[PDB]
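Notes for the one structure printed next.
Here it is as structure tokens:
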């Protein structure tokens, strides 16, 4: 339940947060499978709507 976000090559966590209007903590919390050290490009994920 909610909205989905597409992680493209260049999108930053902080940016997406301030953009969508959510907090980085929640953004990652919703998708713990992803890490900052292994930031992949072209991967869809979940986000707060």
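Residue numbers (the numbering used here): 62 to 110. Note that CB positions come from ideal geometry on N, CA and C, so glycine has one too.
message = On the DSSP bridge list, what partners appear for residue 104?
response = 68
Reduced DSSP secondary structure (H/G/I, E/B, other) of residue 99 = DSSP places residue 99 in the coil class of the three-state scheme, outside both helix and strand.
Residue 78 beta carbon less than 7 angstroms from that of residue 85 = yes
message = Could you compute how far the alpha carbon of residue 110 sits from the alpha carbon of residue 63?
response = Annotation: residue 110 to residue 63 spans about 5 angstroms, alpha carbon to alpha carbon.
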